Structure formats: structure tokens, C-alpha cells
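Novice: what would the 3D arrangement of this be:
(chains A, B, C and D, ligands or ions: 16)
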4 protein chains.
Amino acid sequence: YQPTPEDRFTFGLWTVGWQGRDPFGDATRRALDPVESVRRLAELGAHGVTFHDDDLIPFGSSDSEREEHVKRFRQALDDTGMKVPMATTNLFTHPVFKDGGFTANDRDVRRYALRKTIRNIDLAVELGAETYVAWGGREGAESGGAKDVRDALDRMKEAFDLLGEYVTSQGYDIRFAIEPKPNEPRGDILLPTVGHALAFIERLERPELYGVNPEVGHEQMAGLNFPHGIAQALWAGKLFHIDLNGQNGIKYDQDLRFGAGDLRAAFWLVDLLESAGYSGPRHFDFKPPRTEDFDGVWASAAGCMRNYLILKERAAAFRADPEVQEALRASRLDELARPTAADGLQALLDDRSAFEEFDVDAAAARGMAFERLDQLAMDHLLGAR
Amino acid sequence: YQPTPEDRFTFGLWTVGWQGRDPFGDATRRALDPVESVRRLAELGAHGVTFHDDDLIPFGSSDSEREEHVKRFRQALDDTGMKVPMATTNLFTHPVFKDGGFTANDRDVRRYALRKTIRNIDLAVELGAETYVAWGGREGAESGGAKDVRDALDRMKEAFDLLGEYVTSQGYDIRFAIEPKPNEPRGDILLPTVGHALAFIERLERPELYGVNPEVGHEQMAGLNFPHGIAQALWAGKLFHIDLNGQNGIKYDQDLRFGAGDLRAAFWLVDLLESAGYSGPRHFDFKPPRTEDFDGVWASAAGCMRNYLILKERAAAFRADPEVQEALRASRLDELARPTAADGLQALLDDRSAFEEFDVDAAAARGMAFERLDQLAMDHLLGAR
Amino acid sequence: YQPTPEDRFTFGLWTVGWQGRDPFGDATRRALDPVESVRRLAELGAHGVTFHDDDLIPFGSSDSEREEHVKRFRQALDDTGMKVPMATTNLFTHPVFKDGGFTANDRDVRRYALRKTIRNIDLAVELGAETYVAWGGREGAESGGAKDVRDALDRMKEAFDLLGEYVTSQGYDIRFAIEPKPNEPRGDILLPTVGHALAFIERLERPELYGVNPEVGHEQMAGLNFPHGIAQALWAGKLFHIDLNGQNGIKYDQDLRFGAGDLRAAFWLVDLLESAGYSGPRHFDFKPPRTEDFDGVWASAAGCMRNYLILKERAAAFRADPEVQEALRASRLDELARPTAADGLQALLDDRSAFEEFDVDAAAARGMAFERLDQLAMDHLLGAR
Amino acid sequence: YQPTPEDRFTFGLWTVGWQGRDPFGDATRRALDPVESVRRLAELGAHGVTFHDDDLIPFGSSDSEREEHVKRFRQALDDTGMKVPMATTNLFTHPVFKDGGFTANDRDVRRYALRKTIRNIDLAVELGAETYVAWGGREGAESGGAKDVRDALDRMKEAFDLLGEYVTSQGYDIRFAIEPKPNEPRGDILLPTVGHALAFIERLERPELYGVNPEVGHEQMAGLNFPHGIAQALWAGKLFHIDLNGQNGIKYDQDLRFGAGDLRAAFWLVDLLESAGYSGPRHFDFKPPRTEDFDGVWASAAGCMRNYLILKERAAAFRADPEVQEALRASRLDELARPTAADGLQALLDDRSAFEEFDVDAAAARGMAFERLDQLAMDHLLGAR
Ligand SMILES: [Mg+2]
Ligand SMILES: [Mg+2]
Ligand SMILES: [Mg+2]
Ligand SMILES: [Mg+2]
Ligand SMILES: [Mg+2]
Ligand SMILES: [Mg+2]
Ligand SMILES: [Mg+2]
Ligand SMILES: [Mg+2]
Ligand code: NA
Ligand code: NA
Ligand code: NA
Ligand code: NA
Ligand code: NA
Ligand code: NA
Ligand code: NA
Ligand code: NA
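Specialist: Residues are numbered from 1 along each chain as shown, chains lettered A, B, ... in the order given. Ligands and ions are numbered 1, 2, ... in the order given. Here you go:
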């Protein structure tokens, strides 16, 4: 289960670089130079890295310092063959963003947030990124009167519309991906799930430029089924990028390595991504636990990729097994894929077999055979066939 | 705090009529005749009632029995002045719907579900309903292989598109409202939140015919902020109807009387509905607990309306208080409502005050004053001003 | 992975016998004769069955009917070699128990609940049961004023103390096991977790007679770590019985087959039970989903046992692997098992290496190596070593 | 609603002193001198303050610096009349505690944790504290193999037993209070709820020295009913101290001001504490949100006390209202307080009215009248009587 760059595994600089500061504790690891992270990840078989502006260029750097930081990073990419498929903006760490970036109540902060974002879009394009992610982690509230959500959504739309005008006017081939999260660090975050983000996109001026970047753990913080949400995003044509990690239920955002947390959900996710032909990066937004030293950081990162590859093998074996294909027919998955009424409304209304002469009791007595199907799926996951 | 029909309070027949059967227990109350429910609710000051097909006409009734049930109900409405603003279909109780109605794997069940729905749309129009609700309580799965969600969403779209074709072809002035719920009775339900439902509507052939019917307790079963979700639905122009009740956090669907559960969320909800000018019914989808006899049923129903009226008074006093209006300005709610960049993209890019000369530290030092504002809101809610 | 009676797998009559009635739907399966359930479970390799009084003897049966029901059941046990290791009382279905049994506000109901329980203790002993379970599913409240919890705990203690007096006076070799659940069907249930039940037992007059019967899904309905709770019960000497099933997070009680839900938690549970030498029944309290016909019921029951046996194999391989044993030492699990200060308090106070000369920075720099250990555990679970 | 020192309101130095650093953001406020906090809290009407060792004496201070910090603090207490009723140890911030203090896998860390605690017990006694709190925030795990929970509980017991030996040998009149929390910062924390902590205490060598310090938000992070848990702690005689705050459901630990979060739970909590005669400090463990400047810090702290006083008034009015007293009898709260069977086991067995001649249907038909009672409670809370 050895990863190669062809597997498209990518990691944020902030993942393996997380120093271990949590709400109750100081850092347990030293800061990593981005150049070292690029080299170590390349050795593990990664395809590329991603960054927030402030991960690569320290906040407040002069133009000359910014140039030197980019030049060093560029050489590490050239030395390793690593790519940069996605970039994003840090609109959450600095105290100025304490009430948000795009939806801060203060108008001057909203304008600053846009200018900070635009500067990093230029850099992202220069480095070859195809997707620009926005995680509005400070957009929200702890109390009901602090934020009129209709006005906030107007400001959020205004911001994204301006960014779309910018990329169109510059001729850039980049697209945007909105990352939902339900809460943390704000008591409630705006656009809290994949669904809310998909709905918001349809009210933008150029909806074709915008998709979603769902994260495993974030949907699970609302107790939602992550594979189901991904299926809706795929159905809408909006899965532009994905963040892979693990989460144990409804609690703080754990950002465990992929495969940890809900293992069966991870299996169904990989099955769906591979069956649907998702061709984007397999990006890990995870935190090596602060119990670990640097050897544990790299072990945790390697485990992300290993678990994806094991699950890919098991899901492929499941779908290829003739006994599973038989079970899928026994459970009428084939009938689910056929139109209910391709004959049309009038034919349905005139069809006595659909109502007047429908034997509801005979239909009700048919078992769905879902438990046998699910035990075949369990046996395949566990390698017990 | 006496309700009158002008307050637009409505109740489902299945609410006060719930006999108290739960997963672990038999019924504790006898069945109520719908005519009795109409008369008792009218005496309490309700404006109207709502129904599933099977609440009003026992499943399997002949055409002659169906006529007699409707005639009796019609006379009770005429005797009381009660209205019927909304109706819905029961696609969840009968065993034939064990894998869903519109998204059942069996094609013959999907066709039956559509025919059952269409027959009740005709009745709803005859009785004067303006909104037709769909709660897809059996649409979903307990296991990952049982339901291909992309195919299921195709079938769900097909069903709603056919219903839109039907109402358009008949010339009916009714609109549809989709009611989300995240789980229960299925392990995961399709379209689990307001956001997912809003996103789905935008892929229908005639999106203008469809909105949402959010329920307080359902969004709270995902730990989401119900007022925030309602604000997004209002922002999209899609709040066609609402179900009011209470829920204590993430657990089974409790359907407590409105005002129970999260009281502060109820306050912020009423503030939003009244401030936005929502003009639809204030519908209660609640269950009097099975500990209660019939006197307790009517006390619980009266409490729904009383709590709405108290909260309406307190929210109005909050918004009218000059000290609150001052606090809203101190917290820059006025600035949130002003455009970020009505001067346009180029002016923003050329504005040195937005980036090059922006004093981030001075902006960061400004307190938001949200805690003082929230304590004024608490004082108003509690009548402690 | 074929079960045999030596594996001690047991099932409640109410599990495979669940007819599929849920809060929103009618039964999808016919009732099973208990004699048929005994015969089918014996064929699958089960060791025994368990029952509520009302599962075996229909409520309200005369003494002569009760005798015939027991006689038939007895012959099925004799014909199959099946045992009855545990029995319990239904104090939740009948409307009389709508406010509880042992903690109902009405005193006459509390006395009836005790008499109903005592009659079934006699029957349980006659059938050879060694454990008598109490699940107080109706003990609790939906609202704060309805139940003074201190008085309710006095009544709960009084009830359990009287039951202990009864079994002691009769000379019975049976012990009691309290089953916690946090909510459902009551809004909050008294003794909601393993911890609360363990604490309550210590205030009974004869604590040695009472232990816990934890259920996987119930602790998970509070978001708790089930293996951790089982470890505390084992540490206290109080794990008298266990209910095995699956649950997907914080929602209604799903009672999925064992191995479904949180698969990694199931692995760690089996590892703990087998390592600790738990010798009681491996009892499944599960519901075959109502989508299933009778063939699916038996497939789901077989899957419970199969998943336990697979996980047992994988946990044993994990603990026996020399590379895992090395990793456990690298993570200092050996040091966790050694006393902190067997030298005593005074020696600790005089030990300068414990404070004055302790190198906190060198200790802080040591990685715990937990991620490598956890990936070995993942590889073993998945059969990818 | 003006607080005075007689109300026993206390605050941790770390509450109003929280600088606003969260997992995703830097501090938004400067550090507060403990002397300033004492003076400002005294002006607001607080009774006293509490501290972790490291809040008062910077980690790593020499003995001479430690003396100066204590002397300054002592003078501020003398100048203001403020008391110090409780103290605690920081066993969570420094990287050395990344795997715990008392249950760290490394034995040398466990010994250091004990020595650090003992030094602060001496200081707590010198300052007049009557309760010593232990919050084991780092005791736990992110993964299953990292921590053998039985061994960890042995180490936890060993640590608390040694602390009890220390205070007994020194003749100190201090008692210990264990503070549960289910998760955060560890994936799962040992002793996750009030119940688990109460059960653990009963296995200590001197259980009389140990009680609980429950926190509103922590029990709510498991979805539990906080007033119910407090009632069990009172019933056991173990409520030594309490932490008051607010929390919106199952998510990260919010530490909102008291009265925020679940307002009705706050009402029932105050009703219980006042009715039971709890005489300990009313301690606030809260964080003024990082949106606030220093004026907002003091407004948030004042709001904690104001909300307690409003709720105290409303709960007292509820219990004193003759209509409520009538409703309590109608709901049989009086019967709940009477023994089930003071006549004894034999009399119960011989009482035909308890079983043979008990009219189960007549008893089942009696309504509990809980909804009317709960609406009276709502009306009192809202001041709408
Ligand atoms: Mg995350
Ligand atoms: Mg992410
Ligand atoms: Mg509901
Ligand atoms: Mg509803
Ligand atoms: Mg269960
Ligand atoms: Mg059970
Ligand atoms: Mg807290
Ligand atoms: Mg605390
Ligand atoms: Na746009
Ligand atoms: Na996960
Ligand atoms: Na349509
Ligand atoms: Na609620
Ligand atoms: Na006893
Ligand atoms: Na589970
Ligand atoms: Na002790
Ligand atoms: Na709260």
C-alpha cells in the first residue's frame, strides 16, 4: 500500500506543521520550515501541498521578505516535483478577524479581508493552484443579537461576487470552493453544512465559479452522514475539492488522521469517490496529535495515505464480487436507477397498476435484503471473505 | 396573552390527536374524532388545522366512506370558521413505505407513492390549502450499500418535477414545501437540513413552486441554530411554512410544545419571524406527552400559543427600547447592513485605506460590545428591565 | 467464523422477535412464537435466550395459560440445549407505567411494579437465570417540575433494597444488573450512564448483589467511549452482563447488529472483554431493521456473532504481534502499570528527582509514539499486516 | 438585582483573565494583573476568587519571586475583603502534561504532577481555601491502545489516596472536589461525567474527603440533564463545589456566562440549589468571548451574577405560589416523597391491592397533569403570571 504522486495525495502546510497549541495547552513541537515539509512529504509519496497565505509568508512581512519566502518555496517544489493544487486565506487567526472577515460588522475589516484574499489569489495562480478554498471560520456569532444573518448573507454574497469579478477580469483559471463547518471557533458558523453552502452558491452572480470543499469531520460535528453529503455535492456538480480526516462524533473538531474516527464512513466515502470518478486532489486536513514528536508526525501523515489505499482496495473488491452484484440486484439497487415514470404524467395517472389495482400487501411483504448486503460489505472491509 | 384567529395559529390533526404510542409503549389516550379536534381547537383560539390524508380518511376507505369523512369535516370547518391552510401525505406509516415512497428501491412503490400524493393534492385544493408539505421520513437508509444517493436524488427530483407538472396542468394555486429532518425513523434521511433542501430545490424544473417547511426540533437534532437556518430560508425567498415545537438537544425527535426546549432560540426565532414580516401560518407540529390525559392535551396546545404571544411581546419590547437601539449601533449592526464595496472592485483595489494604510491593530482593539447587548436581550426576555 | 454454544452468545426474545413498529410506522413482520425463536437461534449456534416477562407470557394471562406458555418454552429449551442466563421485567410498555415503575409518582403503581418484578424473579430462578436485569426506561421526565430527583432516587433505592431482601430471604443465587440509558422514551432517564449506575449501587443496602448491564448504543447516545466505561465497570468488579449492538452516534436508539455503528469501538471492546477474561454471556440487544423479512432477521442475528468472532481474532493477533508488544513499550504502557509511588508519601516528598531536579523540558520532548501504535491497530483490524 | 458578598459569588482568575487565545486565533486582550482582577471583582459585588497555581505564580518562578507574588495578592485580598474559597492545580498547560498528570504513561511525570499539586495545597491552606479542585483535563486518550483504562484508574486512585494521606498527616481542613468533563482537550477524558466521578470516589481509601465539582457546560457536552446530575450528587452528599456557566448543546466547551445557553436548565438548577440549601460558593467558570474588550469582560462577569439573582427570584416565586403548590399535588409530587412500602416486604407480598386486585386500567387512565405544571413554571420564569 505504497503511495505515489499519481494517487494525488496532498497535505496542508498547517497539518504536519501544527505545533500542538490547543485551547488548554502550549505548543509541544517546534515550528517546521515549509521547505522541510515539502521535502519530507515528497519522500512519503505525496503529490503536493496547500497553504494559507500566512503559513508561507509570515504576517506583516515586507515585500522583499515575501519575495524571499516565495523563492525558497518555489525551489523546494522544483527540487521535489511537488505541486500546489489549492491555496486559501487565513481570515481567522489575527485579532482583527475576531468578528469575521467577509461578514465582520465593521465595514473597514470587511474591505481589508477582501484585499488580503485578492493578494493571495494572485500568488496562488502564480504557483499553479486550480482551486481557491474559503473557510469562513470566524463568520458567525455566539449570541443572537450580534449578527443579523440576512445582512451577513448579503455581505457574504457581495464578497464572493467581487472575488468572481476579480478572477474573471484577470483571466484566471481558478475556481472557488467554500468549506462549511457548523461551529468552532464561533458558537455557530454561517453556512454550517454542505447543504447550506450549496444553496448559497446558487444565489451568487456566477454560480459556475463556485463549489464546495467538504471536510469529513465537519459534517460529522453535526451528526450528518458524510458520504450522503458528498453524493449530493457530486449530484449537483459541485465537488471541487475535499478535506479528508477523522472525527469521533459530535465534539470539538479533532482533525484525526484519515481512517481514524468513523471507519465504516471512510469505507463508504472511498467507494463513492472512486465509483464516481472524482479526479481532484485527495487532500488531508489533519493534525498529528500533540502527544507526538516529529517521528510521530510523519507516521501519522503516512497513515492517512495508507488508510485511503487499503480502503480503495476493499471497496473495489466489494464492487467486483459477483456475490455482491447478485445481492445488489436482490435489494433492487438496479430498480432505484430506473426512472419512476418515463412514460410520463398522463400514463401514470391512467395506470391502474399504480394505484387502483396495486397490491400494497404483497409489495409490503417483500424484504429488502439490506442486512445480508451490509454483512457482505463488512466482510469485504475486514478482509474476511 | 389570549390568541385569536388573526394570530394564524394552526395545528395538525395528528398533534392533539397523538394517542401516545412510542417505540417502547402502547397508546395512553383514545383516538380523537377529527370533528372534535376542530371544535376544541377553535374554542382555544386557533385559526386552522392541517392533515395528512390518512389522518382524515382511514387508509383503505372506499370512495363512499371517503365522501362521508370529508363531508363531516367540511361541516365542522363551516360551523367553526376554521381554515385548512396546509395538507400533506402520509408516506411513512404503512409497511409498503418501509424503504421510502419517492425513493423506494422498488419502482412500483414509487409509482404508488406518487398516485397517493396526487389524490390528496386534489383534496387539499378543494379544502382551500395554499401549501402542500412533503416530509420524506422514510427516504434514507440504515446502511451504506442500500441506497445509491445520486440515484435516489434523481428519483426525488423526478417525483417533485411530476408533482409540479400536475399542479401546473390543473391550474392549481398551491405551492410545495419540503420538510427536512436529519434522522428518525431512518438511520439517515435524505435532505437532512434546511440547507440541503434549499440546494435540492434549485435543481428542480420549476424551482419557483417549491420552498421549505423547517421544523424547530429537526434542525436542533443536528445541533444547528434554527434562527440562522430560518434567516437563510428567508434570504432565499423560500420560507413557505414553518413547524413550531421544542426539542432538548441532540436526541430522538421530542416534538415538545413550543417554548419548551431551547427557550432563547424560541425568542430569537419569534424576533426574526416578526421582524421579517413572515405572513404564513404559525403551525405547531407537537405531541402532548403520553403522561397526559385529554385535559393535558388541551393545556399543552394552549401553551404553544401562549408562549408564542409572550415571546412576541418581549421581542417587540427589545427592538423598541432606545437603550437596545443604542447598543445595536455600539456593536455596529448598522455597519453590517451597509455594502462592503458599493464603490466597486477597482475602487477597492485602489483604496490604500483598505490595505496598505489600514491600521490592523487599532481595528483589532475595538470591542464588539456583544455581551452587553446580549444581557439587554436576556433582561427583556425575562421581563427584568 | 462459525459460532458454537461455547462462545456464550445469547439473544433476547424481543430482538429477533421485533415486529418493526417504530414511532412513525406499523409492524412489517408477523409475531414470532418464542418456541420458533429458540429453535432457529439454536440452529445458528447461539448458547441461550433471555426474556422479559411479557415476551414469554402475554400480559394478563391467567395462571393456567401462564403454566402452558412456560411448559412449551421449557420443552423447546430441553429439545435444543439452549439456556436462559438472564431475565428481566417489562416495566415500560403498558400505559400504567407511563410515569415509571419504581419511581412513578403514584404510590400504587410503584407497589404494582415491585409485585410484577418479584413474580418474574421466581420464574427466572426456575429457568436457571443467574442475572436479573433492570432497565428503568420510564424512570425520568420530560419537564423539570414533574420529578424531584432526590425523592425519585430514594424510591429507586427503596425498590432495589426490597428486591435484595426478597432474593436473600428466598435463598436465591441470582444477582441484579442495572442497565443505564440516557434518554428515550423519557426526555431524560434516571441513572443515565454506567457511571451514574455504579455510583447509585454504592448507596444500596447490599451493594454486592448489584452490578451493571451496559449497552453499547446507550453510552454512545451520550457520546461516551464505551470501552472506557466498560473498563471502569470491570475495575469496580461490577460488569455482571453486557448488551452488544451498534449505534451511529448521538440520535435515537438504533439497536443495530453488533459490529455496525462504530466499528473501531467494537474492536476495542472485544479486545478489552477478552483480555480481562469476562466470562459472562455475550448478549445481543439488537433490532433487525424493519426493511427486512424473516430471512433478513436470521441473517442479521448471524452477523452479530460473526462480527464478534472476526474482531476477537483480530484483537488476539494484535496483542500477540511482537511488533505491537515493542510499540506498547515504546509508548510506555508498561510504565502506566507500575505504581507511581510504592516508596510512599514521605519518600516522594524527599525525592528531589521528582520536583527540584526534574528536567521538565527533557520529559516534555519525549514523543508518546501513539500514532504508530494506532496504525498497527488499524492494520490488524483490517487484516493489512 | 444587585449582588453583595453575602451571595457567595466567586470567579476564577483565569475567567475574567482569559486573553482570548482559542485553537484558531491569537489573544485579543492583554494579560490582567491578578491584583487588578481582585479589585474589579470586589467592586462588582463578588465574594471571592479562585486560582490555579500557575495563574498566580508564573510557571518556573524562583522562591523569592513566588513570595512577592503571594504577598501582593494577599494585600489585595486584605484591601478588598475578598476571600479565596477554592484553589486548584494547572496539570494541563505545560507540554510535560501532554499525556496527563496523574495518569501519564511516564512514571516520572506522574511523580512530578503529585509534587506540583502538594506544593499548591500548602498555599491554598495558607490563603484559607476550604476546597481543592482537580480537573484532569489531560487524563485520557485519542486512540484505544494508548491508555489501559484499568491501569489508569489504578494510577488515579493512587494519586488521590496519596493526596488524602498528605492532608490528613498535615492536619489540614481542606476537602477535594473532582471536576468531570467528557472530552476536550483529550479525545475522551477519564471520569467523563458526574456519575463516573461519584463512582470512582467510593473506591478511594478515605471517600469522606472527596466530592464533585460539576460544571454546567461539561455535563451538557454529553447531552445530560445538569439539574438531574446535581440532584444525584446532593443525594450522595457529595456536592462540595459547583462551576456555573452556559453551553449551547453538544460541541466544544463554550464557557458562556451563566444564564446563557440552556436558560430553562439554569432555572431548574437554581431552584434545586436554593431548595436543597446548598451553602457553598456560587463559582463562575466562564470565558468572556474574545470579541469583547475589557468593558465587555466586566459586563459579562456582572451578567453571571445578575442572571443567578433573577432566576433565584423566579424560582422562589414559583415554589411559593399557591396555584403551583396545588398543581404539584395534582401531579402527585407529594406521593413521590412517601415510601413505597414502609409496611415492609412481607406486607407488600400479602397486599392483594398491590397486584391481584389492582385496577391497572383505572391507574393508567389518570393523567399526570405535567404540562399544566410546566406551563406554570414557564409563566413564572418569564414573569407572565
Ligand atoms: Mg477540521
Ligand atoms: Mg478543512
Ligand atoms: Mg418532529
Ligand atoms: Mg413537522
Ligand atoms: Mg438500545
Ligand atoms: Mg439493552
Ligand atoms: Mg468548561
Ligand atoms: Mg470548570
Ligand atoms: Na459571482
Ligand atoms: Na470520521
Ligand atoms: Na419542478
Ligand atoms: Na427547542
Ligand atoms: Na440492597
Ligand atoms: Na456502535
Ligand atoms: Na483516599
Ligand atoms: Na447552558
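Novice: skip the chain neighbours and tell me the closest residue to residue A:59.
Specialist: Spatial nearest neighbour of residue A:59, excluding adjacent residues (C-beta to C-beta, 6 or more residues apart in numbering or on different chains): residue A:94 at 6.4 Å. For the C-beta atoms, the positions are set from N, CA and C on the backbone; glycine is no exception.
Novice: brain fart, residue A:173
Specialist: Residue A:173 sits nearest to residue A:130 (C-beta to C-beta, 6+ apart), 7.2 Å away.
Novice: and that neighbour, how many residues sit next to it?
Specialist: Number of residues near residue A:130 (other C-beta atoms under 10 Å in any protein chain shown) recorded here: 18.
Novice: residues in contact with it?
Specialist: Residue A:130 is in contact with A:85-86, A:173-175, counting by C-beta atoms under 8 Å, 6 or more residues apart in numbering or on different chains.
Novice: how close does it sit to ligand 9?
Specialist: Residue A:130 sits 18 Å away from ligand 9, going by C-beta to the ion, to the nearest Å.
Novice: tell me how far that residue lies from residue D:57.
Specialist: As judged by C-beta to C-beta, to the nearest Å, residue A:130 and residue D:57 stand 53 Å apart.
Novice: before we move on, what about residue A:3?
Specialist: From residue A:3 across to residue D:57, the span is 49 Å (C-beta to C-beta).
Novice: ok now do the residue of chain A found nearest ligand 5, which residues does it touch?
Specialist: At 16.9 Å from ligand 5, residue A:249 is the closest residue in chain A, using C-beta to the ion. Contacts here follow C-beta under 8 Å, 6+ apart; on that basis residue A:249 touches A:220, A:223, A:262, C:220, C:223, C:249-250.
Novice: do you know how far residue A:120 is from residue A:103?
Specialist: For residue A:120, the distance to residue A:103 - C-beta to C-beta - is 19 Å.
Novice: more neighbours: which of those two?
Specialist: Legend: neighbour count by other C-beta under 10 Å for residue A:120 and residue A:103, higher for residue A:103 (27 against 21).
Novice: ok, the more buried one touching residue A:186?
Specialist: No - counting by C-beta atoms under 8 Å, residue A:103 stays clear of residue A:186, with 10.4 Å between them.
Novice: give me the common contacts of those two.
Specialist: Applying C-beta under 8 Å, 6+ apart, one finds that residue A:103 and residue A:186 are jointly contacted by residue A:139.
Novice: narrow the contacts of residue A:130 to just the buried residues.
Specialist: The neighbour-count test (16 or more other C-beta atoms under 10 Å in any protein chain shown) marks A:85-86, A:174-175 as buried among the contacts of residue A:130.
Novice: next, count neighbours for the residue nearest to residue A:59.
Specialist: Neighbour count for residue A:94, taken as other C-beta under 10 Å: 22.
Novice: that one against residue A:60, yeah?
Specialist: No - between residue A:94 and residue A:60 there is no contact under C-beta under 8 Å: 9.5 Å.
Novice: chain A: strands as residue ranges?
Specialist: A:9-12, A:48-52, A:86-88, A:131-134, A:140-141, A:175-178, A:188-189, A:210-212, A:243-244, A:282-284 (DSSP state E).
Novice: from residue A:5, how far out is the nearest residue to residue A:239 once chain neighbours are set aside?
Specialist: Counting by C-beta to C-beta, 6+ apart, residue A:239 lies nearest to residue A:233, which is 4.4 Å off, once chain neighbours are set aside. Using C-beta to C-beta, one obtains 26 Å as the distance from residue A:233 to residue A:5.
Novice: the two - which one has more neighbours?
Specialist: Neighbour count, other C-beta under 10 Å: between residue A:233 and residue A:5, residue A:233 has more, with 22 against 15.
Novice: got a list of what the closest residue to residue A:383 other than its chain neighbours touches?
Specialist: Of all residues not flanking residue A:383 in the chain, residue C:383 sits nearest, at 3.5 Å (C-beta to C-beta, 6+ apart). Contact partners of residue C:383, counting by C-beta under 8 Å, 6+ apart, are A:382-384, C:314.
Novice: and residue A:81, by the same measure?
Specialist: Residue A:81 is in contact with A:5, A:42, counting by C-beta under 8 Å, 6+ apart.
Novice: do I have it right that residue A:56 meets residue A:68?
Specialist: No - Residue A:56 is beyond contact range of residue A:68, at 11.4 Å (criterion: C-beta under 8 Å).
Novice: more neighbours, those two?
Specialist: Ranked by neighbour count (other C-beta under 10 Å), residue A:56 and residue A:68 place residue A:56 first, with 21 against 12.
Novice: contacts only, for that one.
Specialist: A:13, A:34, A:69-70, A:73.
Novice: let's see 7 Å
Specialist: If a contact means C-beta atoms under 7 Å, 6 or more residues apart in numbering or on different chains, then residue A:56 has A:13, A:34, A:69, A:73 as its contacts.
Novice: where's the closest residue to the third one other than its chain neighbours relative to residue D:201, distance?
Specialist: When the adjacent residues along the chain are set aside, residue A:69 lies closest to residue A:57, with 5.0 Å between them (C-beta to C-beta, 6+ apart). Plainly put, residue A:57 is 53 Å away from residue D:201 if you go by C-beta to C-beta.
Novice: now residue A:276
Specialist: Look at residue A:276 and residue D:201: by C-beta to C-beta, they are 54 Å apart.
Novice: quick one, which of the two is more surrounded?
Specialist: Taking neighbours as other C-beta under 10 Å, residue A:276 and residue D:201 compare with residue D:201 leading, 25 against 14.
Novice: where do the helices sit along the stretch 151-300 of chain A?
Specialist: Assigned by DSSP state H, counting those that start in this stretch, the stretch 151-300 of chain A shows helices spanning A:194-201, A:216-220, A:226-235, A:263-276, A:294-320.
Novice: check whether the last one contacts chain C.
Specialist: Think helix A:294-320. Yes - against chain C, helix A:294-320 shows contacts by C-beta under 7 Å from any C-beta of the partner chain at A:295-296, A:299-300, A:303, A:307, A:310.
Novice: the closest residue to ligand 11 within the stretch 201-350 of chain A - how many residues pack around it?
Specialist: When you check the stretch 201-350 of chain A against ligand 11 by C-beta to the ion, the closest residue turns out to be residue A:345, at 11.6 Å. Counted with other C-beta under 10 Å, residues neighbouring residue A:345 total 17.
Novice: and it, what does it touch?
Specialist: B:162, B:165-166.
Novice: the residues you listed, buried ones only, as a PyMOL selection?
Specialist: Buried residues within the contacts of residue A:345, by 16+ other C-beta under 10 Å, are selected in PyMOL with:
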select buried, chain B and resi 162+166
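Novice: same list, the contacts of residue A:345, but as JSON lines with distance to residue C:338 please.
Specialist: As requested, those are exported to JSON lines (distance: C-beta to C-beta, whole Å):
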{"residue": "B:162", "distance to residue C:338": "71"}
{"residue": "B:165", "distance to residue C:338": "75"}
{"residue": "B:166", "distance to residue C:338": "75"}
